[PDB]
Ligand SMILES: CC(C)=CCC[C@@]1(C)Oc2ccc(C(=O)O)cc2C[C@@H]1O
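Single chain ahead, by itself, as structure tokens, in the form solved without this ligand.
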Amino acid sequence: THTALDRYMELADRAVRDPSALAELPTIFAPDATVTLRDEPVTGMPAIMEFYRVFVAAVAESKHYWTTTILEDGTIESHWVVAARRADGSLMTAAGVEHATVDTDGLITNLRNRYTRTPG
């Protein structure tokens, strides 16, 4: 599928290679969206773009796989996994579930992640 959460997942790996791809964020998230990947929310396009710039700076190479469903209530859910080499040379994996609220255009207003395998 090709929901905004799918585009979000595709962008994660592309932005690692090419950080300037993060200019696509306003085609994925609404203005004034709020994102919480772990513990802290980040709200609005300027904060979101900087959070992801700093996120992708810390990664040398990554690959994500994911499966996406649209729930009962219109919420989108993507189970995902990643493997990566971090910019410090360490290797990592993680897995979790992302839950997005979308608006009428289909752009993400609220993104929250829960880890099922913490980054490690």
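Numbering starts at 1 and follows the sequence shown.
The discussion below concerns the form solved in complex with this ligand, not included here.
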Contact with this ligand in the deposited complex, heavy atom within 4.5 Å, among 60, 49, 82, 30 goes to 82
I need to confirm a contact call. Of 45, 71, 87, 92, which residue comes within 4.5 Å of this ligand in the deposited complex, counting heavy atoms only?
92
I'd like to know whether residue 76 contacts this ligand in the deposited complex, with contact meaning heavy atoms within 4.5 angstroms.
no
Although the partner isn't part of this model, could you tell me whether residue 100 comes within 4.5 Å of this ligand in the deposited complex, counting any heavy atom of the residue?
no
Contact test in the deposited complex: residue 108 vs this ligand, heavy atoms, 4.5 Å
no
Residue by residue through 29-49, which ones have a non-hydrogen atom no more than 4.5 angstroms from this ligand in the deposited complex?
37, 38
